[PDB]
Every structure is written in structure tokens, then in C-alpha cells.
Protein chains: 2
Amino acid sequence: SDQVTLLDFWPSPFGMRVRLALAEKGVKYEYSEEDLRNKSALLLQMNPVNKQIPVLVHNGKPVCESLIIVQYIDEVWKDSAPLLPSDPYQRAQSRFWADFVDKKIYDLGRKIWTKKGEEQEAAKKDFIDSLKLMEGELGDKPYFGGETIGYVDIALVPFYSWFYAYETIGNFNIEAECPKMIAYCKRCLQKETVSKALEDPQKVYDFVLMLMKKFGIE
Amino acid sequence: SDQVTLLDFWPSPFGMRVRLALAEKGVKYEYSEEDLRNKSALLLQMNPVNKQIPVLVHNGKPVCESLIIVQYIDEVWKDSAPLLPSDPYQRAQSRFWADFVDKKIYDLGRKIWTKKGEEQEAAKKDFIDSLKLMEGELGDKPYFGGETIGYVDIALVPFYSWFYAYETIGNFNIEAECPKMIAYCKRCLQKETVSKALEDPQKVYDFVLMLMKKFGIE
Ligand SMILES: N[C@@H](CCC(=O)N[C@@H](CS)C(=O)NCC(=O)O)C(=O)O
Ligand SMILES: N[C@@H](CCC(=O)N[C@@H](CS)C(=O)NCC(=O)O)C(=O)O
């Protein structure tokens, strides 16, 4: 009976998080591709402050910010396995590592393709170091969520679709430095929800090339 | 029966958030002042990744990141009014605006005292604009949480203790531009939990002066 619309833009790893969370919890929804150059009345109505995607509109009410949206989904749709742990301590740990993806993985990945020379080299090193910290957190578990896809998996795994772009522009190989991280991503990709939610790495790379041309930083 | 320790550093608005949340929910705890130049074994044990305060140690388990800690406190101690709304939509809105404090209020406030000239002027303008957006969200309610101190109040109000420093270094007057925000802060300060948790603005300013001397940016 519920009305669910996702305002999104295809190459966004932030949008991919929400696509994955909706799929993982079996939520039926309408996907709406936004033109971010000419933002729709709906996007402006629903996210007046940030004017960004993704935005989830559920029964006429908007939820903004990808990680906030994933938590909302977890709290609202309950007829599947939880994405966040029920134990408060474990839940706080999951929040810590999901945030870490925003603060380190996204930020440093962005520096890899937007910067050059020594600054870019530093970003690559810090990016790899950050993935290594996540490998440590994963430990011997198959997923960050344990035996199923959890909040941290949803936060992180969409960035795999950007790895080829980071590697090609930055000139490095993540599998060589972080084989456990890559094994983990490939394991996640065996799942239909993950493979359907994540975009093609070649297409994402071509999108980043378009941005580099736009900003004159090839 | 529970063991609670807060690792903190007195002028930190992030630590003040946790001090306030613990007070608001009536949690007994031991406050531990950290020297961030010579970090203690305990801090290094409890926050190996970020090595930052605040850290809440509850029954031997660490919780890091101020907003994550406040949510943890809300989920664990239940014999007082909730800090976050029970309705998922309202809860997502509260998370949005608490995050906004980190992303705009803290960030822009920092630029006001660390930058000069035109860059500093831009930071002041954006800071005021951000407070105005929060005034709009407050609307006609006495607190962001409605009729009691909520998550967003805890996220925001500690920054009032830094306002005098921003105003003095940046040369502007927040009350003149944002009378509603200042009325709100003063209203919060009528509460014992808020007044006891927030530090003296003169002392905070003197701390910032120490930092400006340290970095040679007076
Ligand atoms: N912190 C946000 C980031 C969202 C974001 O960066 N969205 C971009 C697209 S990937 C956007 O809509 N940008 C607006 C613009 O470029 O005008 C989240 O997690 O949802
Ligand atoms: N995002 C963190 C920020 C905490 C933070 O910035 N902490 C500072 C003190 S205010 C710290 O411990 N700094 C470590 C250092 O300077 O080495 C939070 O919200 O808790």
C-alpha cells in the first residue's frame, strides 16, 4: 500500500547505497533519474537544504542523506533480516565504520581522481591505508554484517564500482595491495541485490572522464 | 551497577555534547581529562583508529564519535525522556539536522577563526546562513526536540560556548543577525544540564587564542 520513490543519479555511490538497501529489504519503489544540471521541482521540494540525491520519498515524506536513508529503511521495513545490529554497542560500531566510508573512502577516492602529482600519491596511500583498516575490521567474517549484508556493507560496497576509475586515473592496483578487500567485494557481487545495485565500472570510469574534461583536469 | 567513563578534553564542543547527553539522561559516570599531546594508554586502547575524544567506555566497551555516542546513550538508558523521536521519519529529520551541525556549524566556525580576509568573510556569511536555516527548522518550538532537549539540541547548543570566540576573532555579532538562535541558546541555558555541560565562553576564547599563537595565525 506504501508509496516509495527514489530520486537518484545513476553513477552516484550514495544513490547505489539506497538502491542496495531497498533491494536487500525487498522494498518495491519507483526509481526517478534526476538531471542535476536542471533539478526537478520534486527534488527541490524534497531536499531544499542540500538539493542533492539520493532522496527517498515514502508516503509523501522525504528522507535525505544516504546513510540516514539506509537507517530509515531498516527501521521501517522489518520483514527481512536487519541491516543494523540490535545490540547498542554493535550498532555504534556499525555506525562508526559506515561513517568511516564517507569520511575516508569517499573523500580520499575523490582526491585520487581530482588531484595530481605528490598530492595524488598521498591520497592513494591514505586510501589504501583506509581500506586496510576496514580489512582489519572485517576480520575473518564473510561480510561486515557477519553472515548477511549489513549497514557497513551497504555503506562500502557501492564504492567498488568506482575502484576501476580510481585505479586507472591514479595508476595503482587495489587487489595487489588489498587482496582481502577485493575478495570481499567479489563475494558480495555474487548476490543479486549487490550486482543489480552496483553500476558497471567501465561506465563509471567514462563518467569520471567526462567530469575531468569538464573541469579541465585530464 | 554499570561502569561508565568519559574520555574528554574540556573545551571540545564534541565532548560537551556527550557531557550534556549523560546529564540529560541522568547517567552517573567518571570524567577523565585527556592530554591530547601525550595520549593515554586508555585513549589509544579505546579509539585506535581516530585517537580522538570524546570516547565513552561503558562496561569496558568503547563508543567513539560524539553523535554516535549520544545515540548510544539514548538507546541504552531509558528511564528518562528520549533524545531521538520514536517515529522513523522524525528520527531521520533529527539525524539530518544533527549532522548539519557537524558539516556546517563546526566546519564554518572553524574557518572563521583559522582564516583571514575574504575567505574569513565568506565563512562568516555561510555560518550565519547556516544558523538561519536552523532557525527555520526550529520554527516556533522552544527546542529542536520540541518541548524537551533532544538530539539536535545536544548536537548544536554546545557550540554556543564557542560563539564569543567566533564573534571576537571574526568580528561579527550573532545576536544581531540571528536573534532567534540566540534566544534559543539562552533558553537552553536556563536548564541545569545545559549550563553545567557548557564551558565558559571567555575560557574557550582564551583556548582558541592559545591555538592561534601556536599556529602563528594571530
Ligand atoms: N552526503 C550525501 C552526498 C550526496 C551527494 O553527494 N550527492 C550528489 C550526487 S553523487 C548530488 O546530488 N549532487 C548535487 C549537485 O551536484 O548539485 C549523501 O550521502 O547522500
Ligand atoms: N568527529 C569527532 C570529532 C572529535 C574531535 O575533533 N576531537 C578532537 C578534540 S575536539 C580530538 O580529540 N583531537 C585529537 C587530536 O587533536 O589529536 C566527534 O564528533 O567526536
# chains A, B, ... in the order shown; residues from 1 in each chain; ligands from 1
>>> residues_around(residues="residue 197 (chain A)", least_positions_apart="5", cutoff="7 Å", atoms="only C-alpha atoms", output="number ranges by chain")
A: 16, 19-20
>>> residues_around(residues="residue 157 (chain B)", least_positions_apart="2", cutoff="9 Å", atoms="only C-alpha atoms", output="list in words")
residues 13, 17, 152, 153, 154, 155, 159, 160, 161, 184, 185, 188, 189, 194 and 198 of chain B
>>> write_last_selection(atoms="C-alpha atoms", output="short mmCIF file (atom, residue, chain, number, x, y, z; two decimals), in the first residue's frame")
data_model
loop_
_atom_site.label_atom_id
_atom_site.label_comp_id
_atom_site.auth_asym_id
_atom_site.auth_seq_id
_atom_site.Cartn_x
_atom_site.Cartn_y
_atom_site.Cartn_z
CA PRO B 13 32.18 21.06 21.82
CA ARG B 17 27.67 17.03 23.60
CA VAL B 152 19.57 18.14 17.67
CA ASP B 153 19.71 20.41 20.74
CA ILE B 154 22.54 18.31 22.11
CA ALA B 155 24.33 18.43 18.75
CA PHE B 159 28.65 25.43 20.06
CA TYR B 160 27.15 28.40 21.89
CA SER B 161 30.22 28.21 24.17
CA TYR B 184 17.04 29.67 21.83
CA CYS B 185 20.54 29.26 23.28
CA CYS B 188 18.53 26.18 26.82
CA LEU B 189 20.99 27.72 29.29
CA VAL B 194 22.91 22.60 29.68
CA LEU B 198 28.76 24.06 28.52
#
>>> residues_near_ligand(ligand="ligand 1", cutoff="6 Å", atoms="only C-alpha atoms and all ligand atoms", output="short mmCIF file (atom, residue, chain, number, x, y, z; two decimals) with N, CA, C and O atoms, in the first residue's frame")
data_model
loop_
_atom_site.label_atom_id
_atom_site.label_comp_id
_atom_site.auth_asym_id
_atom_site.auth_seq_id
_atom_site.Cartn_x
_atom_site.Cartn_y
_atom_site.Cartn_z
N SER A 12 26.09 7.66 -8.93
CA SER A 12 26.37 8.03 -7.55
C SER A 12 26.48 6.83 -6.63
O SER A 12 25.55 6.05 -6.52
N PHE A 14 26.44 7.03 -3.53
CA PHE A 14 25.49 7.33 -2.46
C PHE A 14 24.10 6.83 -2.82
O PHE A 14 23.42 6.22 -1.98
N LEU A 36 20.85 16.70 -12.64
CA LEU A 36 21.36 17.56 -11.58
C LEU A 36 21.80 18.93 -12.10
O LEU A 36 22.18 19.80 -11.31
N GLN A 52 20.41 17.65 -3.14
CA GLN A 52 21.20 16.51 -3.58
C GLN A 52 20.36 15.26 -3.66
O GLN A 52 19.36 15.13 -2.96
N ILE A 53 20.82 14.32 -4.48
CA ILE A 53 20.35 12.95 -4.41
C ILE A 53 21.36 12.12 -3.60
O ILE A 53 22.51 12.53 -3.42
N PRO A 54 20.95 10.96 -3.08
CA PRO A 54 19.61 10.38 -3.17
C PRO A 54 18.63 11.02 -2.20
O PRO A 54 19.03 11.55 -1.16
N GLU A 65 20.08 12.16 2.72
CA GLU A 65 21.39 11.67 3.15
C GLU A 65 21.42 10.15 3.14
O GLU A 65 20.70 9.49 3.89
N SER A 66 22.27 9.59 2.29
CA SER A 66 22.25 8.15 2.02
C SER A 66 22.28 7.28 3.27
O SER A 66 21.48 6.36 3.39
N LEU A 67 23.18 7.54 4.21
CA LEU A 67 23.25 6.68 5.39
C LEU A 67 22.02 6.84 6.29
O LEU A 67 21.57 5.87 6.90
#
>>> interface_residues(of="chain B", to="chain A", cutoff="7 Å", atoms="only C-alpha atoms", output="list in words")
residues 63, 68, 72, 75, 76, 88, 92 and 95 of chain B
>>> closest_residue(among="A:158, A:111, A:135, A:120", to="residue 199 (chain A)", atoms="only C-alpha atoms")
A:158
>>> select_by_dssp(residues="region 21-77 of chain A", states="strand (DSSP E)", output="ChimeraX atom specification")
/A:30-33,55-58,61-64
>>> residues_around(residues="residue 166 (chain A)", least_positions_apart="3", cutoff="10 Å", atoms="only C-alpha atoms", output="list in words")
residues 108, 109, 110, 111, 112, 113, 114, 124, 160, 161, 162, 163, 169, 170, 171, 172, 173, 174, 205 and 208 of chain A
>>> write_last_selection(atoms="C-alpha atoms", output="mmCIF file, in the first residue's frame")
data_model
loop_
_atom_site.group_PDB
_atom_site.id
_atom_site.type_symbol
_atom_site.label_atom_id
_atom_site.label_comp_id
_atom_site.auth_asym_id
_atom_site.auth_seq_id
_atom_site.Cartn_x
_atom_site.Cartn_y
_atom_site.Cartn_z
ATOM 1 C CA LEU A 108 40.286 10.060 -0.472
ATOM 2 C CA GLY A 109 38.915 8.379 -3.602
ATOM 3 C CA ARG A 110 37.765 11.786 -4.771
ATOM 4 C CA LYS A 111 41.249 13.206 -4.197
ATOM 5 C CA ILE A 112 42.763 10.390 -6.261
ATOM 6 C CA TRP A 113 40.939 11.458 -9.399
ATOM 7 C CA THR A 114 40.801 15.228 -8.754
ATOM 8 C CA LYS A 124 46.404 6.881 -2.868
ATOM 9 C CA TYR A 160 33.695 -0.999 -5.665
ATOM 10 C CA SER A 161 32.007 0.326 -8.831
ATOM 11 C CA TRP A 162 34.385 3.318 -8.659
ATOM 12 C CA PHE A 163 37.544 1.282 -7.995
ATOM 13 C CA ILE A 169 43.336 7.611 -13.127
ATOM 14 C CA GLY A 170 45.556 7.192 -10.062
ATOM 15 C CA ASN A 171 47.624 4.361 -11.554
ATOM 16 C CA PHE A 172 47.521 1.696 -8.873
ATOM 17 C CA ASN A 173 46.018 -1.721 -8.267
ATOM 18 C CA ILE A 174 43.815 -2.260 -5.248
ATOM 19 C CA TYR A 205 35.054 5.493 -15.389
ATOM 20 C CA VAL A 208 34.560 10.401 -14.339
#
>>> select_by_dssp(residues="region 28-62 of chain A", states="helix (DSSP H, G or I)", output="number ranges by chain")
A: 41-46
>>> residues_around(residues="residue 28 (chain A)", least_positions_apart="6", cutoff="10 Å", atoms="only C-alpha atoms", output="PDB file with C-alpha atoms, in the first residue's frame")
ATOM      1  CA  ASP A   2       3.004   2.262   0.564  1.00  0.00           C
ATOM      2  CA  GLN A   3       4.279   4.820  -1.945  1.00  0.00           C
ATOM      3  CA  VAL A   4       8.069   4.825  -2.369  1.00  0.00           C
ATOM      4  CA  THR A   5      10.087   6.911  -4.797  1.00  0.00           C
ATOM      5  CA  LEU A  22      15.814  -1.170  -0.805  1.00  0.00           C
TER       6      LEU A  22
END
>>> atom_distance(atom1="CA of residue 55 (chain A)", atom2="CA of residue 29 (chain A)")
12.3 Å
>>> closest_residue(among="A:26, A:145, A:165, A:48", to="residue 211 (chain A)", atoms="only C-alpha atoms")
A:165
>>> residues_around(residues="residue 31 (chain B)", least_positions_apart="6", cutoff="8 Å", atoms="only C-alpha atoms", output="list in words")
residues 5, 6, 7 and 8 of chain B
>>> closest_residue(among="A:102, A:126, A:200, A:177", to="ligand 2", atoms="only C-alpha atoms and all ligand atoms")
A:102
>>> atom_distance(atom1="atom 18 (C, counted along the ligand's line) of ligand 2", atom2="CA of residue 39 (chain B)")
16.5 Å
>>> closest_residue(among="B:30, B:24, B:35, B:79", to="ligand 2", atoms="only C-alpha atoms and all ligand atoms")
B:35
